[PDB]
Amino acid sequence: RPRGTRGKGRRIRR
RNA sequence: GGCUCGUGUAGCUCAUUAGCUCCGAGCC
């Protein structure tokens, strides 16, 4: 179950 | 100052494949 953004416009998956 | 990236023994919610919270570093 990933983490799409990381808050105020960041980018990761898992 | 901005742009991009880090699972960080990091946090939040719903069985998902994304969005929301903060902060650190490099490059231009």
# chains A, B, ... in the order shown; residues from 1 in each chain; ligands from 1
call {"tool": "interface_residues", "arguments": {"of": "chain A", "to": "chain B", "cutoff": "7 Å", "atoms": "only C-alpha atoms (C1' of nucleotides)", "output": "mmCIF file with N, CA and C atoms, in the first residue's frame"}}
result
data_model
loop_
_atom_site.group_PDB
_atom_site.id
_atom_site.type_symbol
_atom_site.label_atom_id
_atom_site.label_comp_id
_atom_site.auth_asym_id
_atom_site.auth_seq_id
_atom_site.Cartn_x
_atom_site.Cartn_y
_atom_site.Cartn_z
ATOM 1 N N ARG A 1 0.898 -1.183 0.000
ATOM 2 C CA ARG A 1 0.000 0.000 0.000
ATOM 3 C C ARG A 1 0.949 1.251 0.000
ATOM 4 N N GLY A 4 1.903 7.820 -2.381
ATOM 5 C CA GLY A 4 1.946 8.626 -3.637
ATOM 6 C C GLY A 4 2.738 9.944 -3.621
ATOM 7 N N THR A 5 2.163 10.932 -2.938
ATOM 8 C CA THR A 5 2.883 12.191 -2.593
ATOM 9 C C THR A 5 3.545 11.973 -1.184
ATOM 10 N N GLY A 7 3.437 15.051 0.985
ATOM 11 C CA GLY A 7 2.997 16.303 1.641
ATOM 12 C C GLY A 7 3.602 17.591 1.064
#
